[PDB]
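Values in this text are rule-based calculations from the coordinates and carry no lab data. Note that we place each Cβ from the backbone using ideal geometry, even for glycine, and neighbour counts take in every protein chain shown.
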Amino acid sequence: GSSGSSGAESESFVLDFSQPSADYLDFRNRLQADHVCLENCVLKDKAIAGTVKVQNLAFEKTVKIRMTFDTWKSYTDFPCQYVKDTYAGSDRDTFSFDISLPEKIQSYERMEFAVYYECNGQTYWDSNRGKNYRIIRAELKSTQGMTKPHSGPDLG
């Protein structure tokens, strides 16, 4: 039935959500209430990259990204690395992560990931600072024009 996967190159993928960092407030709120929040997550060739933030509550810190390709059935705990740059916050540390996308990805299975920060004898779980990090392809995303931008007042 299904067409074999012998020789084929799928276009790059995109994100179905707006970067978290974008909103300093809506962002810090998660890093202050959950003590953890993803800064930015870029996409690369059959691979991804992103840096997660954490509160300097304790010394020992454990950051691991949880990703799955089977409607949250088969996930793998990937160890995060540490970044040392001028930009990186002095107090709050900055851990990075590099996950390798699966061979292929079709519209027959779901794919989402979440952040898992362990500290102070606790386990903070940040799943797309809302529901889940829905990752879709770039060719799937539909383009809709003739739309007006939204804008509102600044909370006092």
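Overview of results
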{"item": "Residues located in the stretch 1-33, provided they are hydroxyl-bearing (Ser, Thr, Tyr), closer than 20 Å to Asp93 by Cα and either surrounded by 10 or more Cβ atoms within 10 Å (Cβ to Cβ) or under 14 Å from the mean Cα position of the chain (by Cα) (or both)", "result": "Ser21"}
{"item": "Matching residues, the stretch 63-121, being out of contact with any strand residue (DSSP E or B) (no Cβ under 7 Å at 6 or more places or on another chain) and among the small types (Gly, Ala, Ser)", "result": "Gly89, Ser90, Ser107, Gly121"}
{"item": "Matching entry among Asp91, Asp77 (being within 28 Å of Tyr108 (Cα to Cα) and among the acidic types (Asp, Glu))", "result": "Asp77"}
{"item": "Every residue from the stretch 106-129 that is at positive phi and within 18 Å of the chain's Cα centre (by Cα)", "result": "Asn128, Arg129"}
{"item": "Total residues in the stretch 138-156, condition among the acidic types (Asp, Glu) and touching a residue at least 24 places away in the same chain (Cβ under 8 Å)", "result": "1"}
{"item": "Failed condition for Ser107, given (1) surrounded by 15 or more Cβ atoms within 10 Å (Cβ to Cβ); (2) of a type outside the set (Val, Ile, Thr); (3) farther than 22 Å from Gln32 by Cβ; (4) without any contact (Cβ under 8 Å) to a residue 60 or more places away in the chain", "result": "(1)"}
{"item": "Number of positions in the stretch 111-137 that are in contact (Cβ under 8 Å) with a residue 40 or more places away in the chain, in a loop (DSSP other than H, G, I, E, B) and over 20 Å from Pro20 (Cβ atoms)", "result": "1"}
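Here's the yes/no breakdown for (1) surrounded by 13 or more Cβ atoms within 10 Å (Cβ to Cβ); (2) within 12 Å of the chain's Cα centre (by Cα):
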| site | (1), (2) |
| --- | --- |
| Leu43 | yes, yes |
| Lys46 | yes, no |
| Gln55 | yes, no |
| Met67 | yes, yes |
| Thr71 | no, no |
| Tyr75 | yes, no |
